[PDB]
Amino acid sequence: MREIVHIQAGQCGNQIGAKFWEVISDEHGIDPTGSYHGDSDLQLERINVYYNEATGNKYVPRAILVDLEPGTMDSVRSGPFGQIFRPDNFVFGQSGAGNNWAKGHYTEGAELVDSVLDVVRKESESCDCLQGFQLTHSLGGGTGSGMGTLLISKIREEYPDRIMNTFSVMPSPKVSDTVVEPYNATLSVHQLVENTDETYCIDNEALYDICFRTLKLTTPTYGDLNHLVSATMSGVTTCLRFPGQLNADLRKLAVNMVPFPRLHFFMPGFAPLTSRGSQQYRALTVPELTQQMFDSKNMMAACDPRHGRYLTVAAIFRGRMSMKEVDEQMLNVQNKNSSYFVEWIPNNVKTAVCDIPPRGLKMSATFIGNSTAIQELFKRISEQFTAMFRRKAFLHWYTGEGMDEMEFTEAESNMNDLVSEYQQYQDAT
Amino acid sequence: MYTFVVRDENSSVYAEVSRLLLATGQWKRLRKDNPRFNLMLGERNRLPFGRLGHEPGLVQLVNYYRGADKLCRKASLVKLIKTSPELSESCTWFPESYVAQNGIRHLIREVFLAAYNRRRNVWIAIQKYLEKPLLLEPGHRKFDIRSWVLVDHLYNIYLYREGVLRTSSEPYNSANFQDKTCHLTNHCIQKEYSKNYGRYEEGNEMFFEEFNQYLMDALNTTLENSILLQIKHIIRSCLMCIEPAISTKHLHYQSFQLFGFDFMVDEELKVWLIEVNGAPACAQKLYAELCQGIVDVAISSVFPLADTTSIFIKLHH
Amino acid sequence: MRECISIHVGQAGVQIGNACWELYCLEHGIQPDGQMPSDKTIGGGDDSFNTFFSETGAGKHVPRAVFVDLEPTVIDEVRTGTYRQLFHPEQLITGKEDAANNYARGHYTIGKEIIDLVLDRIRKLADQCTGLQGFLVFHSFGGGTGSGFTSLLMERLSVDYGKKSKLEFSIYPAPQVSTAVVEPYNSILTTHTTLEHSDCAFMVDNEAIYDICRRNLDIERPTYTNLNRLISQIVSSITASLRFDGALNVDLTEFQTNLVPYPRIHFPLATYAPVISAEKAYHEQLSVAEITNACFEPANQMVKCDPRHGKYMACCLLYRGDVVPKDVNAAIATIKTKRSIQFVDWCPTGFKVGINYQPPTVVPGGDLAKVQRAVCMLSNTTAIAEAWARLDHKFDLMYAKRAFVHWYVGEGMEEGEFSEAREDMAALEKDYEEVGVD
Amino acid sequence: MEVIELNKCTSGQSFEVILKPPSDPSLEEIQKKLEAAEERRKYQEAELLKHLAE
Ligand SMILES: Nc1nc2c(ncn2[C@@H]2O[C@H](COP(=O)(O)OP(=O)(O)OP(=O)(O)O)[C@@H](O)[C@H]2O)c(=O)[nH]1
Ligand SMILES: Nc1nc2c(ncn2[C@@H]2O[C@H](COP(=O)(O)OP(=O)(O)O)[C@@H](O)[C@H]2O)c(=O)[nH]1
Ligand SMILES: COc1cc(C(=O)c2c(C)oc3c(O)c(OC)ccc23)cc(OC)c1OC
Ligand SMILES: [Ca+2]
Ligand SMILES: [Mg+2]
Ligand SMILES: [Mg+2]
């Protein structure tokens with residue numbers, strides 16, 4: 001039970017983070033009180049990865065809740081599983097970040113950062129063999145973007161040999177809070193490129209389109225968006241939370257998925273797409289699960305895989321199913337579409353199977369793709385960035401916090417540098 | 001959908017097989033170095049047989065037999081016939097051979113001299129041991145017979161019912177060995193040195209209908225009985241001899257191959273084996289028919305298409 | 001009586017070691033508590049089974065074995081499983097964090113921290129030996145520990161035990177049931193570093209075992225348990241000459257003498273007898289001729305390759321069951337007439353035959369049926385170089401982009417060790433062509 | 001084809017049949033390589049910390 005330390009930062013970070021803890025606590029049989037009332041030993045055999053075994057025979061999430069304003073965190077404590085969390089692990093300021101990356105990274109966030117590291121360090125002390133850290137946050141805001149990346153930077157300083165893993169929600173004008181979101185995202189991507197081992201690119205554009213175009217939800221809330229994120233986060237953490245043949249961990253994930261250190265941004269995808277209300281009763285066949293999971297309509301980053309090629313792929317099937325069928329269907333997709341997989345990485349698709357399905361479904365599959373097509377997301381962000389940066393528009397929000405234009409030009413060019421690296425391997429043969 | 005790659009860009013017959021497979025709508029061509037193929041149209045040299053048959057979920061087939069070079073190289077064919085008991089020191093249909101034009105002595109080895117020293121004539125190093133070639137007296141000319149043979153993954157021996165006769169254009173002279181044209185019926189030496197390439201038949205290629213008709217009018221025999229029976233034997237003999245060495249019956253990958261057999265028919269209607277070519281070109285008229293036979297027999301048999309006679313003669317065992 | 005120490009490194013080595021020692025106990029009549037009622041000399045002895053088992057005053061027969069992994073889960077299953085009492089706890093050595101499928105991390109950063117302790121526990125066994133022969137080392141090519149730590153251990157064994165033989169049982173990576181994308185790198189790195197320290201290495205390609213289980217045991221998706229019980233049957237055949245009374249391959253040095261005429265070409269091909277399903281409701285027992293002919297079918301080899309397109313430098317037939325020399329010779333005469341068996345010409349065309357009258361043993365509730373006669377053929381054929389070509393190609397595909405190389409350079413390796421390793425492999429392939437192709 | 005070196009015992013037999021006749025670094029060096037890699041590793045770690053320092 002190599003332990004993971006969880007960190008959620010900002011409105012998005014905590015709301016998505018809270019849903020994650022709701023989903024997995026149900027999977028592991030943990031009620032909001034904190035005690036285990038389930039039916040199988042498999043739920044507990046690897047409970048230490050995400051939970052401390054507190055005194056009194058209770059399980060406490062190894063989670064640190066961080067924000068620069070108290071609003072979203074007070075609502076998490078009021079939430080259905082808000083009790084589950086440790087109260088000392090709530091660390092908040094009161095001035096907010098005003099959707100300003102500079103406020104989170106350099107000023108307001110700087111008052112509060114050491115307060116958070118003290119809690120992170122307390123949780124790592126009691127860890128027998130820490131894997132590393134997983135952070136949930138958005139890149140378009142101020143706290144989870146600006147301070148989340150500052151946290152990442154400080155944690156790398158103190159824990160340079162542990163894995164840094166993030167779930168990073170990318171901004172989209174279709175779900176836009178603010179015009180300066182391309183600024184905040186571009187600055188944070190520069191950080192994630194340097195100081196992260198694995199990032200799941202959760203694009204709100206993709207989340208919106210799935211609710212609109214697929215689940216037939218006409219006006220989708222952040223709730224409907226976060227239902228997709230919570231189901232994905234449960235899927236990609238399946239091999240960490242349940243016994244498998246792989247004995248997977250965060251380092252072996254990075255070793256096998258990241259052929260080049262900077263190219264560590266993954267496209268996630270999920271099983272059948274499901275809305276919160278609709279409980280549809282036909283279980284999927286293994287061909288359907290495989291076809292759907294590689295479908296662009298099931299990706300959580302708004303990119304078409306047929307516009308790039310896969311460097312590496314990790315797929316996780318949940319439920320009782322013939323693993324011969326799983327093997328036959330997965331070899332079918334690679335053999336039938338070999339043009340969309342790089343030929344210079346043999347056996348670059350790894351599939352694992354887990355016999356316990358997620359709640360409400362009897363069959364499921366989670367997709368983790370390292371595709372050069374993710375460059376579409378990054379140059380979409382940088383297009384929105386340059387459109388207002390060539391006029392230096394809204395910069396005063398950031399220069400009033402001490403930043404210079406020069407730092408914007410450097411983050412811009414490093415993300416354009418990121419795009420060029422994905423491009424060189426999409427055409428490499 | 002099926003899958004194949006091309007690694008011999010100079011093959012005329014597998015360029016056509018490529019066109020046909022694509023035109024079925026059920027075969028797709030990947031880039032050459034993609035390992036996830038069903039069919040490899042491989043190189044003619046240093047083909048990597050050791051990398052075939054190790055892809056999970058793929059049945060892999062290749063248009064070459066590993067080890068067939070021992071029949072298709074001049075030097076090894078002589079050592080194969082002399083060493084295989086199935087063929088023997090006494091093989092009535094292979095010209096006497098021990099280890100570029102022809103003449104008498106002076107080369108250009110111990111055992112060679114003694115046989116040549118047991119004489120109380122002509123040699124080559126289209127062979128000219130047979131100074132009695134057999135004349136095509138509507139011009140008094142020499143020829144050679146090329147039969148194309150296909151051996152599938154089951155090691156059935158399929159002889160294409162259409163063969164070609166590459167002919168010399170001008171009369172044969174028993175003392176003109178420095179003059180290589182009138183009795184070396186290679187096509188490339190016949191378009192350059194020759195005197196009237198193309199008078200008696202087009203392209204110096206007489207097919208079997210015209211030739212069998214000639215045998216009936218001129219010698220009261222047929223091509224089937226006077227020549228092809230012997231040809232069928234020589235093909236059946238050579239390929240059955242090396243079958244334990246090259247068969248892929250119980251292998252992780254499968255092999256087929258199309259061979260070209262060069263024959264020499266002497267004046268007494270006896271057939272001689274000249275050469276076996278492992279990467280043979282084909283006559284232009286017959287390309288469409290033969291390459292369609294390769295697909296039906298060698299490729300579609302392993303990789304069948306959806307549900308919607310024969311141009312080969314099966315040489316049995 | 002000259003003792004042999006087995007060393008099992010990484011998951012694949014440990015779990016194959018379990019299946020082997022389980023088989024050894026059944027073949028010698030040793031109980032899971034370590035007692036051996038058939039042994040009437042108590043507290044010690046110099047019997048042939050003592051090559052692999054020491055004896056305690058309490059009558060307990062303990063394997064001369066060391067299990068080492070950089071991570072505790074797999075060896076923890078040994079300490080709790082059926083054979084807890086079989087092993088001294090100090091023989092089961094675990095670290096705290098594995099090599100993360102990374103040769104560099106298994107050989108340098110993590111392995112350097114545990115090499116000294118393993119060597120001492122290894123030496124604690126050697127000091128119990130009156131005449132130590134050498135080591136049998138079980139490991140995977142693909143794992144971070146089985147590749148990186150094994151090579152580190154092999155070097156230090158050569159300095160500390162300079163005059164002792166070292167044989168390998170190596171698991172060659174197959175995508176069918178592999179673990180990591182970088183297994184071609186780890187295989188090439190460990191092979192290059194271990195080549196000059198290994199006297200004889202029996203490679204087992206997981207693809208061959210997997211398909212043998214699919215075809216001959218009718219197991220749809222073979223598990224590691226399925227694979228390891230079959231491998232142990234092959235391993236037991238190879239090592240039976242060490243643990244039973246016999247004249248052939250009695251000591252580790254004789255494996256080199258009989259199988260390895262050139263030190264670098266020391267990868268003999270193993271082909272095994274009949275593999276028959278226990279579930280098969282009616283089976284016809286195969287004669288001596290049928291199982292000996294089966295040794296020349298690629299479907300039964302531990303590595304898929306075509307011996308018809310190489311040359312043999314040595315051939316050993318290891319029989320178990322009802323087999324007499326008359327039948328063996330008759331079967332060899334028949335086979336030579338119909339099969340492509342050609343030796344290098346500086347070697348006599350001949351087979352070395354050993355026969356153990358005890359038929360193969362099968363684990364109760366296993367997948368293999370009880371058979372009346374079996375054989376393991378060890379041939380040293382250049383055809384096994386096909387496996388090196390296969391592996392070296394996958395290495396080349398990834399290294400051309402320097403893909404994943406940063407993970408190794410990040411643990412202290414230089415990029416030059418990659419190309420230094422690949423060049424040794426290229427030289428290995430050239431050697432095989434020199435000996436085997438005209 | 002002849003049998004050679006036939007040895008019999010109660011456990012089994014063994015023989016040879018011939019069809020046709022024929023026609024390391026020091027402990028000082030291992031320590032050097034292992035520590036040259038720890039220095040190459042500690043250097044890159046120092047580059048990271050000096051970079052995080054700026
Ligand atoms: N035949 C067989 N192969 C195995 C077994 N376990 C793992 N392998 C193979 O070994 C390779 C992976 O190496 P492992 O032994 O699992 O890794 P390791 O030696 O424990 O080193 P780490 O990376 O630190 O875990 C893959 O190619 C697997 O197919 C086994 O029990 N039997
Ligand atoms: N998917 C999702 N996105 C969110 C949520 N809340 C905010 N966002 C996105 O995050 C960005 C705003 O960041 P926010 O988390 O509110 O900033 P912060 O509180 O200062 O860290 C915008 O692009 C929003 O679309 C949420 O609950 N779910
Ligand atoms: C942390 O989450 C995961 C880790 C691993 C993993 O540790 C890998 C191991 C042990 O070998 C691999 C591998 O070979 C890969 O090839 C693409 C990818 C990942 C791996 C595999 C996963 O899914 C298959 C995971 O997602 C749930
Ligand atoms: Ca005793
Ligand atoms: Mg907000
Ligand atoms: Mg391990």
# chains A, B, ... in the order shown; residues from 1 in each chain; ligands from 1
>>> residues_near_ligand(ligand="ligand 2", cutoff="6 Å", atoms="only C-alpha atoms and all ligand atoms", output="short mmCIF file (atom, residue, chain, number, x, y, z; two decimals) with C-alpha atoms, in the first residue's frame")
data_model
loop_
_atom_site.label_atom_id
_atom_site.label_comp_id
_atom_site.auth_asym_id
_atom_site.auth_seq_id
_atom_site.Cartn_x
_atom_site.Cartn_y
_atom_site.Cartn_z
CA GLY A 10 -9.84 26.13 -5.62
CA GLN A 11 -13.54 26.01 -6.41
CA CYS A 12 -13.19 23.52 -9.28
CA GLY A 13 -10.46 21.55 -7.50
CA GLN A 15 -15.91 20.42 -6.09
CA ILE A 16 -14.40 17.82 -8.44
CA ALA A 97 -7.85 34.94 -5.88
CA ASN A 99 -9.56 34.38 -11.08
CA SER A 138 -8.60 23.98 -12.83
CA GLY A 140 -8.58 28.86 -15.74
CA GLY A 141 -9.06 30.26 -12.25
CA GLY A 142 -6.72 31.76 -9.69
CA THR A 143 -6.29 29.44 -6.71
CA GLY A 144 -6.13 25.97 -8.24
CA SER A 145 -4.30 27.40 -11.23
CA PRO A 171 -10.89 26.18 -19.68
CA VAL A 175 -17.99 26.95 -20.02
CA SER A 176 -16.15 30.21 -19.37
CA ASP A 177 -16.21 32.08 -16.07
CA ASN A 204 -14.50 21.50 -20.11
CA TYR A 222 -21.09 22.16 -13.40
CA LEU A 225 -19.76 18.14 -15.85
CA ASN A 226 -18.39 16.92 -12.51
#
>>> residues_around(residues="segment 243-258 of chain A", least_positions_apart="4", cutoff="6 Å", atoms="only C-alpha atoms", output="MDAnalysis selection string")
(chainID A and resid 264 312) or (chainID C and resid 100 181)
>>> write_last_selection(atoms="C-alpha atoms", output="mmCIF file, in the first residue's frame")
data_model
loop_
_atom_site.group_PDB
_atom_site.id
_atom_site.type_symbol
_atom_site.label_atom_id
_atom_site.label_comp_id
_atom_site.auth_asym_id
_atom_site.auth_seq_id
_atom_site.Cartn_x
_atom_site.Cartn_y
_atom_site.Cartn_z
ATOM 1 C CA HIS A 264 3.058 13.631 -20.258
ATOM 2 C CA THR A 312 1.101 4.923 -25.488
ATOM 3 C CA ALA C 100 9.638 0.321 -11.566
ATOM 4 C CA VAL C 181 6.829 -1.297 -22.720
#
>>> interface_residues(of="chain C", to="chain B", cutoff="10 Å", atoms="only C-alpha atoms", output="PyMOL selection string")
chain C and resi 174-176+207-208+297-299+304-306+308-309+338-341+383-391+393+397
>>> write_last_selection(atoms="N, CA, C and O atoms", output="CSV table (one decimal), in the first residue's frame")
chain,number,residue,atom,x,y,z
C,174,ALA,N,7.5,-11.7,-23.9
C,174,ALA,CA,6.5,-11.8,-24.9
C,174,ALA,C,5.4,-10.8,-24.7
C,174,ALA,O,4.8,-10.7,-23.6
C,175,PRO,N,5.0,-10.1,-25.7
C,175,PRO,CA,3.9,-9.1,-25.6
C,175,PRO,C,2.6,-9.8,-25.2
C,175,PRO,O,1.7,-9.1,-24.6
C,176,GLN,N,2.4,-11.1,-25.4
C,176,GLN,CA,1.2,-11.8,-25.1
C,176,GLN,C,0.9,-11.7,-23.6
C,176,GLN,O,-0.3,-11.6,-23.2
C,207,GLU,N,6.2,-16.5,-24.9
C,207,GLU,CA,5.3,-16.7,-26.0
C,207,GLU,C,5.1,-18.2,-26.3
C,207,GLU,O,4.1,-18.7,-26.7
C,208,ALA,N,6.3,-18.9,-26.2
C,208,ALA,CA,6.2,-20.4,-26.5
C,208,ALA,C,5.4,-21.1,-25.4
C,208,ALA,O,4.6,-21.9,-25.7
C,297,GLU,N,10.0,-30.5,-33.4
C,297,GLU,CA,8.9,-29.7,-33.8
C,297,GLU,C,8.9,-28.3,-33.2
C,297,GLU,O,9.0,-28.3,-31.9
C,298,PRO,N,9.0,-27.2,-33.9
C,298,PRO,CA,9.1,-25.9,-33.2
C,298,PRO,C,7.9,-25.6,-32.3
C,298,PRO,O,8.1,-24.8,-31.4
C,299,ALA,N,6.8,-26.3,-32.4
C,299,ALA,CA,5.6,-26.1,-31.5
C,299,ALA,C,5.9,-26.5,-30.1
C,299,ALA,O,5.2,-26.1,-29.2
C,304,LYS,N,10.4,-20.0,-30.0
C,304,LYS,CA,10.0,-20.3,-31.4
C,304,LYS,C,11.0,-19.9,-32.4
C,304,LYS,O,11.4,-18.7,-32.4
C,305,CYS,N,11.5,-20.9,-33.2
C,305,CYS,CA,12.6,-20.6,-34.1
C,305,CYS,C,12.7,-21.9,-35.0
C,305,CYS,O,12.1,-22.9,-34.6
C,306,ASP,N,13.4,-21.8,-36.1
C,306,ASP,CA,13.5,-22.9,-37.0
C,306,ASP,C,14.9,-23.5,-37.0
C,306,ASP,O,15.8,-23.0,-37.7
C,308,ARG,N,16.0,-26.0,-38.6
C,308,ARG,CA,16.4,-26.4,-39.9
C,308,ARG,C,17.3,-25.4,-40.6
C,308,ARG,O,18.0,-25.7,-41.5
C,309,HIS,N,17.2,-24.1,-40.2
C,309,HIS,CA,18.0,-23.0,-40.8
C,309,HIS,C,19.1,-22.5,-39.9
C,309,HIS,O,19.4,-21.3,-39.8
C,338,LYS,N,14.6,-38.3,-42.0
C,338,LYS,CA,13.5,-37.5,-42.4
C,338,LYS,C,13.6,-36.0,-42.0
C,338,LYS,O,12.7,-35.2,-42.3
C,339,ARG,N,14.6,-35.6,-41.2
C,339,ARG,CA,14.6,-34.3,-40.6
C,339,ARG,C,15.9,-33.6,-41.0
C,339,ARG,O,17.0,-34.3,-41.3
C,340,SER,N,15.9,-32.3,-40.9
C,340,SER,CA,17.1,-31.4,-41.3
C,340,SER,C,17.9,-31.1,-40.1
C,340,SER,O,17.8,-30.1,-39.4
C,341,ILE,N,18.7,-32.1,-39.7
C,341,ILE,CA,19.6,-32.0,-38.6
C,341,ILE,C,21.0,-31.9,-39.1
C,341,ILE,O,21.6,-32.9,-39.5
C,383,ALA,N,20.0,-21.4,-34.5
C,383,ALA,CA,18.6,-21.0,-34.8
C,383,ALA,C,18.1,-20.1,-33.7
C,383,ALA,O,17.2,-19.2,-33.9
C,384,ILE,N,18.5,-20.3,-32.4
C,384,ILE,CA,18.0,-19.5,-31.3
C,384,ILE,C,18.3,-18.0,-31.5
C,384,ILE,O,17.7,-17.1,-30.9
C,385,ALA,N,19.3,-17.7,-32.4
C,385,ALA,CA,19.6,-16.3,-32.7
C,385,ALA,C,18.4,-15.5,-33.3
C,385,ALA,O,18.4,-14.3,-33.2
C,386,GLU,N,17.5,-16.2,-33.8
C,386,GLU,CA,16.2,-15.6,-34.2
C,386,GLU,C,15.6,-14.7,-33.1
C,386,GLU,O,15.1,-13.6,-33.3
C,387,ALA,N,15.7,-15.3,-31.9
C,387,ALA,CA,15.2,-14.5,-30.7
C,387,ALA,C,16.0,-13.2,-30.5
C,387,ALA,O,15.4,-12.2,-30.2
C,388,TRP,N,17.3,-13.3,-30.7
C,388,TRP,CA,18.1,-12.1,-30.5
C,388,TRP,C,17.7,-11.1,-31.6
C,388,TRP,O,17.6,-9.9,-31.4
C,389,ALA,N,17.5,-11.5,-32.9
C,389,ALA,CA,17.1,-10.6,-33.9
C,389,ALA,C,15.8,-10.0,-33.6
C,389,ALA,O,15.6,-8.8,-33.8
C,390,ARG,N,14.8,-10.8,-33.2
C,390,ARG,CA,13.5,-10.3,-32.8
C,390,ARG,C,13.7,-9.2,-31.7
C,390,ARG,O,13.1,-8.1,-31.9
C,391,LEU,N,14.4,-9.5,-30.7
C,391,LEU,CA,14.6,-8.5,-29.6
C,391,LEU,C,15.3,-7.3,-30.0
C,391,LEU,O,14.9,-6.1,-29.8
C,393,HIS,N,15.5,-5.9,-32.8
C,393,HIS,CA,14.8,-5.0,-33.7
C,393,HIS,C,13.9,-4.1,-32.9
C,393,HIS,O,13.8,-2.9,-33.2
C,397,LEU,N,13.9,0.0,-32.8
C,397,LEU,CA,12.7,0.9,-33.1
C,397,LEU,C,12.5,2.0,-32.1
C,397,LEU,O,12.2,3.1,-32.4
>>> residues_around(residues="residue 35 of chain D", least_positions_apart="4", cutoff="12 Å", atoms="only C-alpha atoms", output="VMD selection string")
(chain C and resid 107 to 109 112 to 113 411 to 413) or (chain D and resid 28 to 31 39 to 42)
>>> residues_near_ligand(ligand="ligand 4", cutoff="7 Å", atoms="only C-alpha atoms and all ligand atoms", output="VMD selection string")
chain C and resid 39 to 47 55
>>> residues_around(residues="segment 322-329 of chain A", least_positions_apart="6", cutoff="10 Å", atoms="only C-alpha atoms", output="list in words")
residues 285, 286, 287, 288, 289, 290, 291, 335, 351, 352 and 353 of chain A; 56 and 57 of chain B; 176, 220 and 221 of chain C
>>> residues_near_ligand(ligand="ligand 6", cutoff="6 Å", atoms="only C-alpha atoms and all ligand atoms", output="ChimeraX atom specification")
/C:10-11,71,98
>>> closest_residue(among="C:379, C:165, C:187, C:223", to="chain A", atoms="only C-alpha atoms")
C:223
>>> residues_near_ligand(ligand="ligand 1", cutoff="6 Å", atoms="only C-alpha atoms and all ligand atoms", output="PyMOL selection string")
chain C and resi 10-12+15-16+98-101+140+142-146+171+173-174+177-179+206+224+227-228
>>> residues_around(residues="residue 163 of chain B", least_positions_apart="6", cutoff="8 Å", atoms="only C-alpha atoms", output="JSON, numbers by chain")
{"B": [145, 146, 147, 148, 207, 208]}
>>> residues_around(residues="residue 19 of chain D", least_positions_apart="3", cutoff="7 Å", atoms="only C-alpha atoms", output="ChimeraX atom specification")
/C:349-350 /D:1
>>> interface_residues(of="chain D", to="chain C", cutoff="7 Å", atoms="only C-alpha atoms", output="count of residues only")
21
>>> atom_distance(atom1="atom CA of residue 28 of chain A", atom2="atom CA of residue 317 of chain A")
17.5 Å
>>> closest_atom_pairs(of="chain D", to="chain A", cutoff="10 Å", atoms="only C-alpha atoms", output="tab-separated table")
residue	atom	partner	partner_atom	distance
D:45	CA	A:160	CA	8.2
D:48	CA	A:157	CA	8.4
D:49	CA	A:157	CA	6.8
D:52	CA	A:157	CA	7.0
D:53	CA	A:157	CA	9.0
>>> write_last_selection(atoms="N, CA and C atoms", output="mmCIF file, in the first residue's frame")
data_model
loop_
_atom_site.group_PDB
_atom_site.id
_atom_site.type_symbol
_atom_site.label_atom_id
_atom_site.label_comp_id
_atom_site.auth_asym_id
_atom_site.auth_seq_id
_atom_site.Cartn_x
_atom_site.Cartn_y
_atom_site.Cartn_z
ATOM 1 N N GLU D 45 20.269 16.071 -9.686
ATOM 2 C CA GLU D 45 19.433 16.496 -8.570
ATOM 3 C C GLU D 45 19.817 17.896 -8.106
ATOM 4 N N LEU D 48 18.400 20.489 -10.446
ATOM 5 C CA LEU D 48 16.990 20.756 -10.185
ATOM 6 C C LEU D 48 16.816 21.707 -9.009
ATOM 7 N N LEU D 49 17.570 21.495 -7.929
ATOM 8 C CA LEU D 49 17.389 22.324 -6.742
ATOM 9 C C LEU D 49 17.921 23.734 -6.962
ATOM 10 N N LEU D 52 15.206 25.292 -9.062
ATOM 11 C CA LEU D 52 14.090 25.680 -8.205
ATOM 12 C C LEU D 52 14.464 26.852 -7.311
ATOM 13 N N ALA D 53 15.756 27.013 -7.018
ATOM 14 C CA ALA D 53 16.194 28.124 -6.182
ATOM 15 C C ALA D 53 15.959 29.458 -6.878
#
>>> atom_distance(atom1="atom CA of residue 77 of chain C", atom2="atom 25 (C, counted along the ligand's line) of ligand 3")
23.2 Å
>>> interface_residues(of="chain A", to="chain B", cutoff="9 Å", atoms="only C-alpha atoms", output="PyMOL selection string")
chain A and resi 327-328+331-332+334-336+338-339+343-344+346
